[PDB]
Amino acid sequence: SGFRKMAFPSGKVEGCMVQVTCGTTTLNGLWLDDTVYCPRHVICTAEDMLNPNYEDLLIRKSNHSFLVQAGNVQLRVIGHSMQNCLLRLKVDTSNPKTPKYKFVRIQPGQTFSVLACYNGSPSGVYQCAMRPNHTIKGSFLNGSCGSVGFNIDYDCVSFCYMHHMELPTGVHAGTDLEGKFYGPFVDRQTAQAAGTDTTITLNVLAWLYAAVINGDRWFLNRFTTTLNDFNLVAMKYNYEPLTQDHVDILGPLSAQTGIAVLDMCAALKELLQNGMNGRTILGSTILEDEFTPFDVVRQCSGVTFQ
């Protein structure tokens, strides 16, 4: 049946994207009810980006220093304030397309869909995992700030990321919708680097369960392992240590496939030690770590192909 990195349908979010301009700096904003949220660096000219004092830069602006465009319609700002690294612009019109929503701060290892936008116009959508080192491997160019990440449950959009910057290694950093950065990053152009990353063990196990649900068992073996012995191997291959909470989370997948978690761990230990021997799992020649246990349950059949 297939397994793909699948994003949530983006319609409910497309109707919330607008363009925000301050002076000659322009980026995207998120319009919910009567507020527009956007990265605070929209108040910077290129020369202010190295060491901006945002409090000092913002006090010098008025409501009319901001131009907000929703399609071809201008939205008048009637208030503004700074919340951590975002600006909250109160506008005169409430967005009629506002979906049911909430703001959530996602945890490392969790995934979400990103709606890449430029000039307030959505251009593409893809799924990202929040890496253990708090960056995402996205695809963003100049003008993409203010693009958001989100998950959808029933018809409720949980926004969890707003885009602010790229680091030297080509990876990306940003904030939750309260303006607090994920990671130790700051919205300034002083030198910064992503810390060392690690493979998301829980997700790799979830994806091996997805491969068994879809009919493949070639990588299993007759062995088992203790949590500790598995972690000695994880440390060597730069995998996050497995915890009892992770074993408990994998309970439903384990039940649907009849494979004990520690037995699946013994399969993973053997794949780490011996390689894949030129074989593939769910079409991949490497161990995938950007699918959570929830992503597997969302996408795979609830009936294993025995």
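Between two forms, the rigid core is defined as the largest C-alpha subset superposing within 1.5 Å. When you see a residue number, it is the position in the sequence shown, counting from 1.
Stretch with greater C-alpha deviation in 9 other deposited structures of this protein, 169-177 versus 187-195 (rigid core superposition) | Comparing 169-177 with 187-195, the larger C-alpha deviation in 9 other deposited structures of this protein belongs to 187-195.
### 41-49 against 248-256 - segment lying farther from this form in 9 other deposited structures of this protein (CA RMS, rigid core fit)
Output: 41-49, the stretch lying farther off on average in 9 other deposited structures of this protein.
Review point. On average, which has the higher Cα B-factor in the deposited entry, 221-229 or 121-129?
Key: The deposited B-factors put 221-229 ahead on the C-alpha mean.
Next item on the list: Determine, for stretches 87-95 and 103-111, which one has the higher mean CA B-factor as deposited.
Entry: In the deposited entry, the stretch with the higher C-alpha B-factor mean is 87-95.
Criterion, highest CA B-factor; candidates, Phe150, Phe140, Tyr182, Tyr154:
Within the set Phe150, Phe140, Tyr182, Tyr154, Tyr154 shows the top C-alpha B-factor.
Quiz prompt | Top Cα B factor in the deposited entry, candidates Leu208, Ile200, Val73, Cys145 | solution = The C-alpha B-factor peaks, among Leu208, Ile200, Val73, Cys145, at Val73.
- Task: Give the position of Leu167 by CA B-factor within its chain, expressed as the lowest, middle or highest third.
- Result: For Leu167, whose C-alpha B-factor we compare with every modelled residue in the chain, the answer is the middle third.
So where's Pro39 on the chain's Cα temperature factor ranking, which third?
As the PDB entry reports it, the C-alpha B-factor of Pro39 lands in the lowest third of its chain.
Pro293 by Cα B-factor - lowest, middle or highest third of the modelled chain: Lowest third.
Within-chain third of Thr26 by Cα B-factor, per the entry
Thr26: CA B-factor falls in the middle third of its chain.
- Query: Is the Cα B-factor recorded for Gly215 in the lowest, middle or highest third of its chain?
  - Reply: According to the entry, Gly215 has a C-alpha B-factor in the chain's middle third.
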